[PDB]
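Student: The file below is work.csv, CSV, N, CA and C atoms:
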```
chain,number,residue,atom,x,y,z
A,1,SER,N,-14.2,-58.6,-31.4
A,1,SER,CA,-13.9,-60.1,-31.6
A,1,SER,C,-14.7,-60.8,-30.5
A,2,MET,N,-14.5,-62.1,-30.4
A,2,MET,CA,-15.1,-62.9,-29.3
A,2,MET,C,-15.0,-62.3,-27.9
A,3,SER,N,-16.1,-62.0,-27.2
A,3,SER,CA,-16.1,-61.4,-25.9
A,3,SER,C,-15.5,-60.0,-25.8
A,4,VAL,N,-15.4,-59.3,-26.9
A,4,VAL,CA,-14.8,-57.9,-27.0
A,4,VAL,C,-15.6,-57.1,-28.0
A,5,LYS,N,-16.4,-56.3,-27.3
A,5,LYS,CA,-17.4,-55.4,-28.1
A,5,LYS,C,-17.3,-54.0,-27.8
A,6,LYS,N,-17.3,-53.2,-28.9
A,6,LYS,CA,-17.5,-51.7,-28.8
A,6,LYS,C,-18.8,-51.4,-28.0
A,7,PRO,N,-18.9,-50.2,-27.4
A,7,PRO,CA,-20.1,-49.8,-26.7
A,7,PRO,C,-21.4,-49.8,-27.6
A,8,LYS,N,-22.5,-50.3,-27.0
A,8,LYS,CA,-23.8,-50.5,-27.7
A,8,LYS,C,-24.5,-49.2,-28.1
A,9,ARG,N,-24.2,-48.6,-29.3
A,9,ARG,CA,-25.1,-47.6,-30.0
A,9,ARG,C,-26.7,-48.0,-29.9
A,10,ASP,N,-27.5,-47.0,-29.4
A,10,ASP,CA,-28.9,-47.3,-29.1
A,10,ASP,C,-29.6,-47.2,-30.5
A,11,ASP,N,-30.1,-48.4,-31.0
A,11,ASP,CA,-30.8,-48.5,-32.3
A,11,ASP,C,-32.3,-48.7,-32.1
A,12,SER,N,-32.8,-48.5,-30.9
A,12,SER,CA,-34.2,-48.8,-30.6
A,12,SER,C,-35.3,-47.9,-31.3
A,13,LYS,N,-34.9,-46.7,-31.6
A,13,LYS,CA,-35.6,-45.7,-32.3
A,13,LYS,C,-35.4,-45.7,-33.9
A,14,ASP,N,-34.5,-46.5,-34.4
A,14,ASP,CA,-34.2,-46.4,-35.8
A,14,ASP,C,-35.4,-46.7,-36.7
A,15,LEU,N,-36.2,-47.6,-36.4
A,15,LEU,CA,-37.5,-48.0,-37.2
A,15,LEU,C,-38.4,-46.8,-37.3
A,16,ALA,N,-38.7,-46.2,-36.2
A,16,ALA,CA,-39.5,-45.0,-36.1
A,16,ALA,C,-38.9,-43.8,-36.9
A,17,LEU,N,-37.6,-43.6,-36.7
A,17,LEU,CA,-37.0,-42.5,-37.4
A,17,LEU,C,-36.9,-42.7,-38.9
A,18,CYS,N,-36.5,-44.0,-39.4
A,18,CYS,CA,-36.5,-44.2,-40.9
A,18,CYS,C,-38.0,-44.0,-41.4
A,19,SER,N,-39.0,-44.4,-40.7
A,19,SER,CA,-40.4,-44.2,-41.1
A,19,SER,C,-40.7,-42.7,-41.3
A,20,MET,N,-40.2,-41.8,-40.4
A,20,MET,CA,-40.4,-40.4,-40.5
A,20,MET,C,-39.7,-39.8,-41.6
A,21,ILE,N,-38.4,-40.2,-41.9
A,21,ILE,CA,-37.7,-39.8,-43.1
A,21,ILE,C,-38.5,-40.2,-44.3
A,22,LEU,N,-38.9,-41.4,-44.4
A,22,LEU,CA,-39.6,-41.9,-45.6
A,22,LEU,C,-40.9,-41.1,-45.8
A,23,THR,N,-41.6,-40.8,-44.7
A,23,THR,CA,-42.8,-39.9,-44.8
A,23,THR,C,-42.5,-38.5,-45.4
A,24,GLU,N,-41.4,-37.9,-45.1
A,24,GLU,CA,-41.0,-36.7,-45.6
A,24,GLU,C,-40.6,-36.8,-47.1
A,25,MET,N,-40.0,-37.9,-47.4
A,25,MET,CA,-39.6,-38.2,-48.9
A,25,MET,C,-41.0,-38.4,-49.6
A,26,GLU,N,-41.9,-39.1,-49.1
A,26,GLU,CA,-43.2,-39.4,-49.7
A,26,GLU,C,-44.0,-38.1,-50.0
A,27,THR,N,-43.9,-37.1,-49.2
A,27,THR,CA,-44.7,-35.8,-49.2
A,27,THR,C,-43.9,-34.7,-49.9
A,28,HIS,N,-42.7,-34.9,-50.4
A,28,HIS,CA,-42.0,-33.9,-51.1
A,28,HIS,C,-42.6,-33.7,-52.5
A,29,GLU,N,-42.7,-32.5,-53.0
A,29,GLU,CA,-43.4,-32.3,-54.3
A,29,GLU,C,-42.7,-32.9,-55.5
A,30,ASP,N,-41.4,-33.2,-55.4
A,30,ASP,CA,-40.7,-33.9,-56.4
A,30,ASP,C,-40.6,-35.5,-56.2
A,31,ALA,N,-41.4,-36.0,-55.4
A,31,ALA,CA,-41.4,-37.4,-55.1
A,31,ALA,C,-42.2,-38.2,-56.3
A,32,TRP,N,-43.0,-37.5,-57.1
A,32,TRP,CA,-43.9,-38.2,-58.0
A,32,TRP,C,-43.3,-39.3,-58.9
A,33,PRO,N,-42.0,-39.1,-59.4
A,33,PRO,CA,-41.5,-40.2,-60.2
A,33,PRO,C,-41.2,-41.5,-59.5
A,34,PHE,N,-41.2,-41.5,-58.1
A,34,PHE,CA,-40.7,-42.5,-57.2
A,34,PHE,C,-41.7,-43.1,-56.3
A,35,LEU,N,-42.9,-42.7,-56.4
A,35,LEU,CA,-44.0,-43.1,-55.4
A,35,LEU,C,-44.4,-44.6,-55.6
A,36,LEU,N,-44.4,-45.0,-56.9
A,36,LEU,CA,-44.9,-46.4,-57.3
A,36,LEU,C,-43.8,-47.0,-58.1
A,37,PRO,N,-43.8,-48.4,-58.2
A,37,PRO,CA,-42.9,-49.1,-59.1
A,37,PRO,C,-43.2,-48.6,-60.6
A,38,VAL,N,-42.1,-48.5,-61.3
A,38,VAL,CA,-42.1,-48.2,-62.8
A,38,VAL,C,-42.8,-49.4,-63.4
A,39,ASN,N,-43.7,-49.0,-64.3
A,39,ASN,CA,-44.6,-50.1,-65.0
A,39,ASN,C,-43.8,-50.8,-66.1
A,40,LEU,N,-43.4,-52.0,-65.8
A,40,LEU,CA,-42.4,-52.7,-66.6
A,40,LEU,C,-43.1,-53.2,-67.9
A,41,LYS,N,-44.4,-53.2,-68.0
A,41,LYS,CA,-45.1,-53.5,-69.3
A,41,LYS,C,-45.1,-52.3,-70.1
A,42,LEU,N,-45.2,-51.1,-69.6
A,42,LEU,CA,-45.4,-49.8,-70.3
A,42,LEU,C,-44.2,-49.0,-70.6
A,43,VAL,N,-43.0,-49.4,-70.0
A,43,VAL,CA,-41.8,-48.6,-70.2
A,43,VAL,C,-40.8,-49.4,-70.8
A,44,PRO,N,-40.7,-49.2,-72.2
A,44,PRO,CA,-39.6,-50.0,-72.9
A,44,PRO,C,-38.3,-49.8,-72.3
A,45,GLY,N,-37.5,-50.9,-72.2
A,45,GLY,CA,-36.1,-50.9,-71.8
A,45,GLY,C,-35.9,-51.1,-70.3
A,46,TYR,N,-37.0,-50.7,-69.5
A,46,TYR,CA,-36.7,-50.7,-68.0
A,46,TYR,C,-36.4,-52.0,-67.4
A,47,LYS,N,-37.2,-53.0,-67.8
A,47,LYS,CA,-37.0,-54.3,-67.3
A,47,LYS,C,-35.6,-54.9,-67.5
A,48,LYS,N,-35.1,-54.8,-68.7
A,48,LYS,CA,-33.8,-55.3,-69.1
A,48,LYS,C,-32.6,-54.5,-68.5
A,49,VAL,N,-32.8,-53.2,-68.5
A,49,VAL,CA,-31.7,-52.3,-68.1
A,49,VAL,C,-31.5,-52.2,-66.6
A,50,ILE,N,-32.7,-52.2,-65.9
A,50,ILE,CA,-32.6,-51.8,-64.4
A,50,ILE,C,-32.8,-53.1,-63.6
A,51,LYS,N,-31.7,-53.6,-63.1
A,51,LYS,CA,-31.7,-55.0,-62.7
A,51,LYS,C,-32.4,-55.1,-61.3
A,52,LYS,N,-32.4,-54.0,-60.5
A,52,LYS,CA,-33.1,-54.1,-59.2
A,52,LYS,C,-34.0,-52.8,-59.1
A,53,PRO,N,-35.2,-52.9,-59.6
A,53,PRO,CA,-36.2,-51.7,-59.5
A,53,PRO,C,-36.4,-51.5,-58.0
A,54,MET,N,-36.6,-50.2,-57.6
A,54,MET,CA,-37.0,-49.8,-56.3
A,54,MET,C,-37.8,-48.5,-56.3
A,55,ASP,N,-38.7,-48.4,-55.4
A,55,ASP,CA,-39.6,-47.2,-55.3
A,55,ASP,C,-40.0,-47.0,-53.8
A,56,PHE,N,-40.6,-45.8,-53.5
A,56,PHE,CA,-40.9,-45.5,-52.1
A,56,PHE,C,-42.0,-46.4,-51.6
A,57,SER,N,-43.0,-46.8,-52.4
A,57,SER,CA,-44.0,-47.7,-51.9
A,57,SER,C,-43.5,-49.1,-51.5
A,58,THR,N,-42.6,-49.6,-52.2
A,58,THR,CA,-41.9,-50.9,-52.0
A,58,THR,C,-41.0,-50.8,-50.7
A,59,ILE,N,-40.3,-49.7,-50.6
A,59,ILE,CA,-39.6,-49.4,-49.3
A,59,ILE,C,-40.5,-49.4,-48.1
A,60,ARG,N,-41.6,-48.6,-48.3
A,60,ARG,CA,-42.6,-48.5,-47.2
A,60,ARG,C,-43.2,-49.9,-46.8
A,61,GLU,N,-43.5,-50.8,-47.7
A,61,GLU,CA,-43.9,-52.1,-47.4
A,61,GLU,C,-42.8,-53.0,-46.7
A,62,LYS,N,-41.6,-52.9,-47.2
A,62,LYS,CA,-40.5,-53.6,-46.6
A,62,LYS,C,-40.3,-53.1,-45.1
A,63,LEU,N,-40.3,-51.8,-44.9
A,63,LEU,CA,-40.1,-51.2,-43.6
A,63,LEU,C,-41.2,-51.7,-42.6
A,64,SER,N,-42.5,-51.6,-43.1
A,64,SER,CA,-43.6,-52.0,-42.3
A,64,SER,C,-43.7,-53.5,-41.9
A,65,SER,N,-42.9,-54.4,-42.6
A,65,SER,CA,-43.1,-55.8,-42.4
A,65,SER,C,-41.7,-56.4,-42.0
A,66,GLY,N,-40.8,-55.6,-41.4
A,66,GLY,CA,-39.6,-56.1,-40.8
A,66,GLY,C,-38.6,-56.7,-41.8
A,67,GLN,N,-38.6,-56.2,-43.0
A,67,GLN,CA,-37.7,-56.7,-44.0
A,67,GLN,C,-36.3,-55.9,-44.1
A,68,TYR,N,-36.2,-54.9,-43.3
A,68,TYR,CA,-34.9,-54.2,-43.2
A,68,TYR,C,-34.2,-54.7,-41.8
A,69,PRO,N,-33.1,-55.4,-41.9
A,69,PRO,CA,-32.4,-55.8,-40.7
A,69,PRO,C,-31.7,-54.7,-40.0
A,70,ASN,N,-31.4,-53.6,-40.6
A,70,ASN,CA,-30.8,-52.5,-39.9
A,70,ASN,C,-30.9,-51.2,-40.7
A,71,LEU,N,-30.6,-50.0,-40.1
A,71,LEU,CA,-30.8,-48.8,-40.8
A,71,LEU,C,-29.9,-48.7,-42.1
A,72,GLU,N,-28.8,-49.4,-42.2
A,72,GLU,CA,-28.0,-49.3,-43.4
A,72,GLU,C,-28.7,-50.0,-44.7
A,73,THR,N,-29.4,-51.0,-44.4
A,73,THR,CA,-30.1,-51.7,-45.5
A,73,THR,C,-31.2,-50.8,-46.0
A,74,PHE,N,-31.8,-50.0,-45.1
A,74,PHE,CA,-32.9,-49.1,-45.5
A,74,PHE,C,-32.2,-48.0,-46.4
A,75,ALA,N,-31.1,-47.4,-46.0
A,75,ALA,CA,-30.4,-46.3,-46.8
A,75,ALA,C,-30.0,-46.9,-48.2
A,76,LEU,N,-29.6,-48.1,-48.3
A,76,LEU,CA,-29.2,-48.7,-49.5
A,76,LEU,C,-30.4,-48.8,-50.6
A,77,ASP,N,-31.6,-49.1,-50.1
A,77,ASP,CA,-32.7,-49.1,-51.0
A,77,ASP,C,-33.2,-47.7,-51.4
A,78,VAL,N,-33.0,-46.7,-50.4
A,78,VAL,CA,-33.4,-45.4,-50.8
A,78,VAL,C,-32.4,-44.9,-51.9
A,79,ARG,N,-31.1,-45.2,-51.7
A,79,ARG,CA,-30.1,-44.7,-52.7
A,79,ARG,C,-30.3,-45.5,-54.0
A,80,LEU,N,-30.7,-46.8,-54.0
A,80,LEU,CA,-31.0,-47.5,-55.2
A,80,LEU,C,-32.1,-46.8,-56.1
A,81,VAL,N,-33.1,-46.2,-55.4
A,81,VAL,CA,-34.1,-45.5,-56.2
A,81,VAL,C,-33.4,-44.4,-57.0
A,82,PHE,N,-32.5,-43.6,-56.4
A,82,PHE,CA,-31.9,-42.5,-57.1
A,82,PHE,C,-30.8,-42.9,-58.1
A,83,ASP,N,-30.1,-44.0,-57.8
A,83,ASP,CA,-29.2,-44.6,-58.8
A,83,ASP,C,-29.8,-45.2,-60.0
A,84,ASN,N,-31.0,-45.8,-59.8
A,84,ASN,CA,-31.8,-46.3,-60.9
A,84,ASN,C,-32.2,-45.1,-61.8
A,85,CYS,N,-32.7,-44.1,-61.1
A,85,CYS,CA,-33.2,-42.9,-61.8
A,85,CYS,C,-32.1,-42.3,-62.7
A,86,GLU,N,-30.9,-42.1,-62.2
A,86,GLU,CA,-29.7,-41.6,-62.9
A,86,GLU,C,-29.3,-42.5,-64.1
A,87,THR,N,-29.4,-43.8,-63.9
A,87,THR,CA,-29.2,-44.8,-65.0
A,87,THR,C,-30.1,-44.7,-66.2
A,88,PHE,N,-31.3,-44.4,-66.0
A,88,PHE,CA,-32.4,-44.3,-67.0
A,88,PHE,C,-32.8,-42.9,-67.5
A,89,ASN,N,-32.5,-41.9,-66.8
A,89,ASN,CA,-33.0,-40.6,-67.1
A,89,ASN,C,-31.8,-39.6,-67.4
A,90,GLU,N,-32.0,-38.8,-68.4
A,90,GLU,CA,-31.1,-37.7,-68.6
A,90,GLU,C,-31.1,-36.7,-67.4
A,91,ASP,N,-29.9,-36.2,-67.0
A,91,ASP,CA,-29.8,-35.1,-66.0
A,91,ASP,C,-30.7,-33.9,-66.3
A,92,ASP,N,-30.8,-33.5,-67.6
A,92,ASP,CA,-31.6,-32.4,-68.0
A,92,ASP,C,-33.0,-32.8,-68.5
A,93,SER,N,-33.8,-33.4,-67.5
A,93,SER,CA,-35.2,-33.8,-67.7
A,93,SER,C,-35.9,-33.5,-66.4
A,94,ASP,N,-37.2,-33.5,-66.4
A,94,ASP,CA,-37.9,-33.2,-65.2
A,94,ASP,C,-37.6,-34.4,-64.2
A,95,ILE,N,-37.6,-35.6,-64.6
A,95,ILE,CA,-37.4,-36.8,-63.7
A,95,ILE,C,-36.0,-36.8,-63.3
A,96,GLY,N,-35.0,-36.5,-64.1
A,96,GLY,CA,-33.6,-36.5,-63.8
A,96,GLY,C,-33.3,-35.5,-62.7
A,97,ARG,N,-33.9,-34.3,-62.8
A,97,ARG,CA,-33.7,-33.2,-61.9
A,97,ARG,C,-34.4,-33.6,-60.5
A,98,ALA,N,-35.5,-34.2,-60.6
A,98,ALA,CA,-36.3,-34.7,-59.5
A,98,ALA,C,-35.4,-35.6,-58.7
A,99,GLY,N,-34.7,-36.6,-59.4
A,99,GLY,CA,-33.9,-37.5,-58.6
A,99,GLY,C,-32.7,-36.9,-57.9
A,100,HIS,N,-32.0,-36.0,-58.6
A,100,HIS,CA,-31.0,-35.3,-57.9
A,100,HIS,C,-31.5,-34.5,-56.7
A,101,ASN,N,-32.6,-33.8,-56.8
A,101,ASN,CA,-33.2,-33.0,-55.7
A,101,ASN,C,-33.5,-33.9,-54.5
A,102,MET,N,-34.2,-35.1,-54.8
A,102,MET,CA,-34.6,-36.0,-53.7
A,102,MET,C,-33.4,-36.7,-53.0
A,103,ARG,N,-32.3,-37.0,-53.8
A,103,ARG,CA,-31.1,-37.6,-53.2
A,103,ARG,C,-30.5,-36.6,-52.2
A,104,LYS,N,-30.3,-35.4,-52.7
A,104,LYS,CA,-29.9,-34.3,-51.7
A,104,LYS,C,-30.7,-34.1,-50.5
A,105,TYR,N,-32.1,-34.1,-50.6
A,105,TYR,CA,-33.0,-34.0,-49.5
A,105,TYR,C,-32.8,-35.2,-48.6
A,106,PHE,N,-32.7,-36.4,-49.1
A,106,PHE,CA,-32.5,-37.6,-48.3
A,106,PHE,C,-31.2,-37.6,-47.5
A,107,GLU,N,-30.1,-37.2,-48.1
A,107,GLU,CA,-28.8,-37.3,-47.6
A,107,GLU,C,-28.6,-36.3,-46.4
A,108,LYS,N,-29.2,-35.1,-46.5
A,108,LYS,CA,-29.3,-34.2,-45.4
A,108,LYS,C,-30.1,-34.7,-44.2
A,109,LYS,N,-31.3,-35.3,-44.4
A,109,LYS,CA,-32.0,-35.8,-43.4
A,109,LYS,C,-31.3,-37.0,-42.7
A,110,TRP,N,-30.6,-37.8,-43.5
A,110,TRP,CA,-29.9,-38.9,-43.0
A,110,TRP,C,-28.8,-38.5,-42.0
A,111,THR,N,-27.9,-37.6,-42.5
A,111,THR,CA,-26.9,-37.0,-41.7
A,111,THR,C,-27.4,-36.3,-40.4
A,112,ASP,N,-28.4,-35.5,-40.5
A,112,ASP,CA,-29.0,-34.8,-39.4
A,112,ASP,C,-29.6,-35.7,-38.4
A,113,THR,N,-30.2,-36.8,-38.8
A,113,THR,CA,-30.9,-37.7,-37.9
A,113,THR,C,-30.0,-38.7,-37.2
A,114,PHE,N,-28.9,-39.1,-37.9
A,114,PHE,CA,-28.1,-40.3,-37.4
A,114,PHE,C,-26.6,-40.0,-37.3
A,115,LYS,N,-26.0,-39.0,-37.9
A,115,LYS,CA,-24.5,-38.7,-37.8
A,115,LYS,C,-24.2,-37.4,-37.0
```
Any chance you could give the structure as structure tokens?

Tutor:
Amino acid sequence: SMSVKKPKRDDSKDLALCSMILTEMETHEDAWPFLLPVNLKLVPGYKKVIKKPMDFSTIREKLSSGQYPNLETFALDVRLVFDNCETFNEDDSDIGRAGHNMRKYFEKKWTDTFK
């Protein structure tokens, strides 16, 4: 509350560390469905169904230009990528499996880097 604060967690490395995580996600062999925005002209249904499209290249640009206020807003966009994928893709498809794999990979790196 006013003039009453918990001890200051050091957040000075968060930007660098989210960039490293994002590099590791970008270079994973199963990243290919997620590297670029879904082409809304060429993929029927996507525009109407997926209210907030997100992809690794869009996260990279937001990261690089100070559009994440804190590390939690960064994780919310990474998770959005996988939540969108599960909304649109069957679990038993190459893309569906890719999304599960990547979400697992992300959540481990997130825990090991920050928790």

Student: May I have the protein, DNA and RNA residues with any atom at most 8 Å from the point (-38.2, -29.9, -55.3), counting only N, CA and C atoms, written as a list in words?

Tutor: residues 28, 29, 30, 31, 97, 98, 101 and 102 of chain A

Student: Report as an NGL selection string: the residues of region 35-74 of chain A with a DSSP assignment of helix (DSSP H, G or I), based on the backbone of this structure.

Tutor: :A and (46-49 or 56-64 or 71-74)

Student: Using Å and a single decimal, report how far atom N of residue 34 (chain A) sits from atom N of residue 94 (chain A).

Tutor: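 These two atoms are separated by 12.2 Å.
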
Student: Tell me which protein, DNA and RNA residues are within 8 Å of region 7-20 of chain A, counting all atoms listed in the file, leaving out same-chain ones fewer than 6 positions away, and put them as number ranges by chain.

Tutor: A: 26, 60, 63-64, 70-71, 74, 113

Student: Give me the residues within 8 Å of region 85-88 of chain A as a VMD selection string, counting only N, CA and C atoms and dropping any in the same chain fewer than 3 places off.

Tutor: chain A and resid 46 49 to 50 79 to 82 91 95 to 96 99 to 100

Student: From the set A:56, A:62, A:69, A:89, which residue has the shortest atom-to-atom contact distance to residue 37 (chain A), counting all atoms listed in the file?

Tutor: A:56

Student: Pick out the closest residue to residue 84 (chain A) from this set: A:2, A:51, A:72, A:66. Count only C-alpha atoms.

Tutor: A:51

Student: Do you have the atom N of residue 40 (chain A)-atom N of residue 93 (chain A) distance handy?

Tutor: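 Atom-to-atom, atom N of residue 40 (chain A) to atom N of residue 93 (chain A), that is 21.0 Å.
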
Student: How many Å separate CA of residue 112 (chain A) from CA of residue 23 (chain A)?

Tutor: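 Between CA of residue 112 (chain A) and CA of residue 23 (chain A) the gap is 15.7 Å.
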
Student: Would you please work out which residue, of A:59, A:53, A:68, A:115, is nearest to residue 22 (chain A) when using all atoms listed in the file?

Tutor: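 Result for the nearest residue to residue 22 (chain A): A:59.
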
Student: Can I get region 24-47 of chain A with N, CA, C and O atoms filled in, as a PDB file, in the frame of the given file?

Tutor:
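Listed below is the output, result05.pdb:
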```pdb
ATOM      1  N   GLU A  24     -41.400 -37.900 -45.100  1.00  0.00           N
ATOM      2  CA  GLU A  24     -41.000 -36.700 -45.600  1.00  0.00           C
ATOM      3  C   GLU A  24     -40.600 -36.800 -47.100  1.00  0.00           C
ATOM      4  O   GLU A  24     -40.836 -35.906 -47.842  1.00  0.00           O
ATOM      5  N   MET A  25     -40.000 -37.900 -47.400  1.00  0.00           N
ATOM      6  CA  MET A  25     -39.600 -38.200 -48.900  1.00  0.00           C
ATOM      7  C   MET A  25     -41.000 -38.400 -49.600  1.00  0.00           C
ATOM      8  O   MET A  25     -41.105 -37.725 -50.722  1.00  0.00           O
ATOM      9  N   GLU A  26     -41.900 -39.100 -49.100  1.00  0.00           N
ATOM     10  CA  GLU A  26     -43.200 -39.400 -49.700  1.00  0.00           C
ATOM     11  C   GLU A  26     -44.000 -38.100 -50.000  1.00  0.00           C
ATOM     12  O   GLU A  26     -44.732 -37.971 -51.028  1.00  0.00           O
ATOM     13  N   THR A  27     -43.900 -37.100 -49.200  1.00  0.00           N
ATOM     14  CA  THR A  27     -44.700 -35.800 -49.200  1.00  0.00           C
ATOM     15  C   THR A  27     -43.900 -34.700 -49.900  1.00  0.00           C
ATOM     16  O   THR A  27     -44.538 -33.659 -50.191  1.00  0.00           O
ATOM     17  N   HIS A  28     -42.700 -34.900 -50.400  1.00  0.00           N
ATOM     18  CA  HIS A  28     -42.000 -33.900 -51.100  1.00  0.00           C
ATOM     19  C   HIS A  28     -42.600 -33.700 -52.500  1.00  0.00           C
ATOM     20  O   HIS A  28     -43.056 -34.721 -53.145  1.00  0.00           O
ATOM     21  N   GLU A  29     -42.700 -32.500 -53.000  1.00  0.00           N
ATOM     22  CA  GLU A  29     -43.400 -32.300 -54.300  1.00  0.00           C
ATOM     23  C   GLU A  29     -42.700 -32.900 -55.500  1.00  0.00           C
ATOM     24  O   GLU A  29     -43.365 -33.207 -56.474  1.00  0.00           O
ATOM     25  N   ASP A  30     -41.400 -33.200 -55.400  1.00  0.00           N
ATOM     26  CA  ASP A  30     -40.700 -33.900 -56.400  1.00  0.00           C
ATOM     27  C   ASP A  30     -40.600 -35.500 -56.200  1.00  0.00           C
ATOM     28  O   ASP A  30     -39.801 -36.050 -56.956  1.00  0.00           O
ATOM     29  N   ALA A  31     -41.400 -36.000 -55.400  1.00  0.00           N
ATOM     30  CA  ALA A  31     -41.400 -37.400 -55.100  1.00  0.00           C
ATOM     31  C   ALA A  31     -42.200 -38.200 -56.300  1.00  0.00           C
ATOM     32  O   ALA A  31     -42.050 -39.437 -56.301  1.00  0.00           O
ATOM     33  N   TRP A  32     -43.000 -37.500 -57.100  1.00  0.00           N
ATOM     34  CA  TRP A  32     -43.900 -38.200 -58.000  1.00  0.00           C
ATOM     35  C   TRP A  32     -43.300 -39.300 -58.900  1.00  0.00           C
ATOM     36  O   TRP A  32     -43.993 -40.266 -59.190  1.00  0.00           O
ATOM     37  N   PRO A  33     -42.000 -39.100 -59.400  1.00  0.00           N
ATOM     38  CA  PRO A  33     -41.500 -40.200 -60.200  1.00  0.00           C
ATOM     39  C   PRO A  33     -41.200 -41.500 -59.500  1.00  0.00           C
ATOM     40  O   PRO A  33     -40.872 -42.559 -60.163  1.00  0.00           O
ATOM     41  N   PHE A  34     -41.200 -41.500 -58.100  1.00  0.00           N
ATOM     42  CA  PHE A  34     -40.700 -42.500 -57.200  1.00  0.00           C
ATOM     43  C   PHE A  34     -41.700 -43.100 -56.300  1.00  0.00           C
ATOM     44  O   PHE A  34     -41.341 -43.990 -55.519  1.00  0.00           O
ATOM     45  N   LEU A  35     -42.900 -42.700 -56.400  1.00  0.00           N
ATOM     46  CA  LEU A  35     -44.000 -43.100 -55.400  1.00  0.00           C
ATOM     47  C   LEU A  35     -44.400 -44.600 -55.600  1.00  0.00           C
ATOM     48  O   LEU A  35     -44.678 -45.271 -54.603  1.00  0.00           O
ATOM     49  N   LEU A  36     -44.400 -45.000 -56.900  1.00  0.00           N
ATOM     50  CA  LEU A  36     -44.900 -46.400 -57.300  1.00  0.00           C
ATOM     51  C   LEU A  36     -43.800 -47.000 -58.100  1.00  0.00           C
ATOM     52  O   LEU A  36     -42.991 -46.367 -58.779  1.00  0.00           O
ATOM     53  N   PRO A  37     -43.800 -48.400 -58.200  1.00  0.00           N
ATOM     54  CA  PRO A  37     -42.900 -49.100 -59.100  1.00  0.00           C
ATOM     55  C   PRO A  37     -43.200 -48.600 -60.600  1.00  0.00           C
ATOM     56  O   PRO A  37     -44.310 -48.283 -61.003  1.00  0.00           O
ATOM     57  N   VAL A  38     -42.100 -48.500 -61.300  1.00  0.00           N
ATOM     58  CA  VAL A  38     -42.100 -48.200 -62.800  1.00  0.00           C
ATOM     59  C   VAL A  38     -42.800 -49.400 -63.400  1.00  0.00           C
ATOM     60  O   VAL A  38     -42.610 -50.541 -62.996  1.00  0.00           O
ATOM     61  N   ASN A  39     -43.700 -49.000 -64.300  1.00  0.00           N
ATOM     62  CA  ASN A  39     -44.600 -50.100 -65.000  1.00  0.00           C
ATOM     63  C   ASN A  39     -43.800 -50.800 -66.100  1.00  0.00           C
ATOM     64  O   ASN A  39     -43.478 -50.156 -67.102  1.00  0.00           O
ATOM     65  N   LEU A  40     -43.400 -52.000 -65.800  1.00  0.00           N
ATOM     66  CA  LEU A  40     -42.400 -52.700 -66.600  1.00  0.00           C
ATOM     67  C   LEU A  40     -43.100 -53.200 -67.900  1.00  0.00           C
ATOM     68  O   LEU A  40     -42.299 -53.538 -68.867  1.00  0.00           O
ATOM     69  N   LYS A  41     -44.400 -53.200 -68.000  1.00  0.00           N
ATOM     70  CA  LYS A  41     -45.100 -53.500 -69.300  1.00  0.00           C
ATOM     71  C   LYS A  41     -45.100 -52.300 -70.100  1.00  0.00           C
ATOM     72  O   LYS A  41     -45.155 -52.404 -71.343  1.00  0.00           O
ATOM     73  N   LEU A  42     -45.200 -51.100 -69.600  1.00  0.00           N
ATOM     74  CA  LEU A  42     -45.400 -49.800 -70.300  1.00  0.00           C
ATOM     75  C   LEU A  42     -44.200 -49.000 -70.600  1.00  0.00           C
ATOM     76  O   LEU A  42     -44.325 -48.012 -71.256  1.00  0.00           O
ATOM     77  N   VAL A  43     -43.000 -49.400 -70.000  1.00  0.00           N
ATOM     78  CA  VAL A  43     -41.800 -48.600 -70.200  1.00  0.00           C
ATOM     79  C   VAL A  43     -40.800 -49.400 -70.800  1.00  0.00           C
ATOM     80  O   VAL A  43     -40.039 -50.166 -70.156  1.00  0.00           O
ATOM     81  N   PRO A  44     -40.700 -49.200 -72.200  1.00  0.00           N
ATOM     82  CA  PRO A  44     -39.600 -50.000 -72.900  1.00  0.00           C
ATOM     83  C   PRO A  44     -38.300 -49.800 -72.300  1.00  0.00           C
ATOM     84  O   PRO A  44     -37.820 -48.648 -71.978  1.00  0.00           O
ATOM     85  N   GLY A  45     -37.500 -50.900 -72.200  1.00  0.00           N
ATOM     86  CA  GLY A  45     -36.100 -50.900 -71.800  1.00  0.00           C
ATOM     87  C   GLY A  45     -35.900 -51.100 -70.300  1.00  0.00           C
ATOM     88  O   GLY A  45     -34.887 -51.555 -69.898  1.00  0.00           O
ATOM     89  N   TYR A  46     -37.000 -50.700 -69.500  1.00  0.00           N
ATOM     90  CA  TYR A  46     -36.700 -50.700 -68.000  1.00  0.00           C
ATOM     91  C   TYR A  46     -36.400 -52.000 -67.400  1.00  0.00           C
ATOM     92  O   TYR A  46     -35.414 -52.075 -66.638  1.00  0.00           O
ATOM     93  N   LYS A  47     -37.200 -53.000 -67.800  1.00  0.00           N
ATOM     94  CA  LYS A  47     -37.000 -54.300 -67.300  1.00  0.00           C
ATOM     95  C   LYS A  47     -35.600 -54.900 -67.500  1.00  0.00           C
ATOM     96  O   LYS A  47     -34.967 -55.416 -66.609  1.00  0.00           O
TER      97      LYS A  47
END
```
